[PDB]
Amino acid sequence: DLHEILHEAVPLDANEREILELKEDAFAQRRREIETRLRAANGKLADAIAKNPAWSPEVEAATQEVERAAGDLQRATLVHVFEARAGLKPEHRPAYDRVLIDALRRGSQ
């Protein structure tokens, strides 16, 4: 929810909004792509447990995919934070940082 709390947290001029809108679509593609992997991995866990409620090679395999998809989402969200930052004018960025830093510090708790 770092993406959510940062989204529209700082002002944006006309040209900043349009660039950050393109970056948002790129993020949306990557996110939906990871989200699909997560969904498929869950579906296979469903079949596995419904077949045999034990930690089978099926369960382990799907779990690693869930693990990887979970981690990929955290990295993708952080990368987008910096990508969105790079789309700001070199005088607006410190305002973006202060919200980001606090959002992390209040999450360090």
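Each residue number is its position in the shown sequence, starting from 1.
- Averaged over CA atoms, B-factors in the entry run higher in 8-16 than in the other of 89-97 and 8-16.
- When the C-alpha B-factors of 80-88 and 39-47 are averaged, 39-47 comes out higher.
- Per the deposited record, the Cα B-factor of residue 67 falls in the lowest third when ranked against the other modelled residues of its chain.
- Among the modelled residues of its chain, residue 74 has a C-alpha B-factor that falls in the lowest third, as given in the PDB entry.
- Per the PDB record, residue ranking by Cα B-factor puts residue 52 in the highest third of the chain.
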